[PDB]
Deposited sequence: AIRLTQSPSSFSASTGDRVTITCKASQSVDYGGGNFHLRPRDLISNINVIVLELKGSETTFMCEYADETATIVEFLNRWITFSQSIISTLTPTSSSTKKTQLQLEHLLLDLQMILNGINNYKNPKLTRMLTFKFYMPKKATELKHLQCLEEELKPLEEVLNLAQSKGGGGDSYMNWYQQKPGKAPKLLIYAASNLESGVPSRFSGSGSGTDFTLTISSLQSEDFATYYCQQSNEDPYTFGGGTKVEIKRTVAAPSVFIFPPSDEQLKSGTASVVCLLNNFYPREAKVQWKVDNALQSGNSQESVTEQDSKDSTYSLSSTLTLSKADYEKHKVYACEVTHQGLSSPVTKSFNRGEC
């Protein structure tokens, strides 16, 4: 399942209302309608087993599907051979049918491709009987009922309303993601009430009623419906501020570096907003390509500005073939592209 977030990035002011979206390639909803009640199902099986019956377990454990399947094969095996010839042999046949139906109903309840919990329910280990051919062997099933209820608690569903297997996370630079909202709409303990989520099927949304300083971060949507779990590409909430043109500075290579056979020429764009800026290197008015690298800072904590460095790298020889070194800067704050130059000979 592919998750698409929109917009990928945007600038907002404090006190603003923010709505970010998540679009899934296929529905992340499961369940609803007509249930999985671990308490009731287990309590019913426990009663039947005590009416029918040290357990000899096998060395090899099994998954929940293999465990349930073995007890269904066991239940069907006795039924196949049991011939009712008395009131007691008819009552044990009826109880065997009640057990077979209860095991099949737990099995069909969890064993289907759609079930978002199946793979995680399958990591659990169940103990198998060494031999299961007589009614006494049901003691092996009884002992494994408590771990069975603990696994069924993962697929617990009471109610006709559907569930959305979709979560929202907040991530700040260098920090781990932090859960904000689970199952499309549930606010996580401690999360400010200004955060909310809604949606169903394929369309999900996250809202911040009045943006605060601590809310500028990247937000990720995440689906839990089908393996492998996937994340959206993220939405980065940037702080909006007034347009600021960069203070451009150029640095020639040091003599120390030139002496070693390399010339790094640095253009600095200082304290600008927005982030969008075009830097072009010109050597004797000829546009340079593929010998430059850029680096940009994150938004300033107080100023909300960016700074950028652009480095043109040349060999001492290529550097000494030319005189004028220029960096042409294009930015929204600038009416015309600003050029900063130097002549190789000071």
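- Missing from the model, relative to the deposited sequence, are the stretches 1, 36, 56 to 61, 355.
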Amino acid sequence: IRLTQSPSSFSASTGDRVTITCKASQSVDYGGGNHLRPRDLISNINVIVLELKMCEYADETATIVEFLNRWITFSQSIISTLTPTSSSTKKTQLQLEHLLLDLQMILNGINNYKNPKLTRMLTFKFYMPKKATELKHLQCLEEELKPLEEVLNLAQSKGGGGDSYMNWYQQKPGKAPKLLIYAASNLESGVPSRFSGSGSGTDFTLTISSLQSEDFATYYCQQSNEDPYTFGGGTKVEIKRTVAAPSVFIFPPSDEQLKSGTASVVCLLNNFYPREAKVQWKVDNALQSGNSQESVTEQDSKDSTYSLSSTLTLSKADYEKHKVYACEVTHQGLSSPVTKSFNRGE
From here on, numbers count along this sequence of modelled residues.
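- Between 68 to 76 and 236 to 244, the higher mean Cα B-factor belongs to 68 to 76.
- For the segment pair 114 to 122 and 139 to 147, the entry gives 139 to 147 the higher mean B-factor, averaged over Cα atoms.
- Per the deposited coordinates, the residue with the largest Cα temperature factor out of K175, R194, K131, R275 is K131.
- Of the residues listed, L314, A58, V28, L308, the entry assigns the biggest Cα temperature factor to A58.
- Ranked by C-alpha B-factor against the other modelled residues of its chain, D40 falls in the highest third.
- Ranked by Cα temperature factor within the chain, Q288 sits in the middle third according to the deposited record.
- In this PDB entry, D227 carries a Cα temperature factor that places it within the lowest third of its chain's modelled residues.
- The entry lists a Cα temperature factor for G199 that places it in the middle third of the chain's modelled residues.
- Sorting the modelled residues of the chain by their CA temperature factor places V279 in the middle third.
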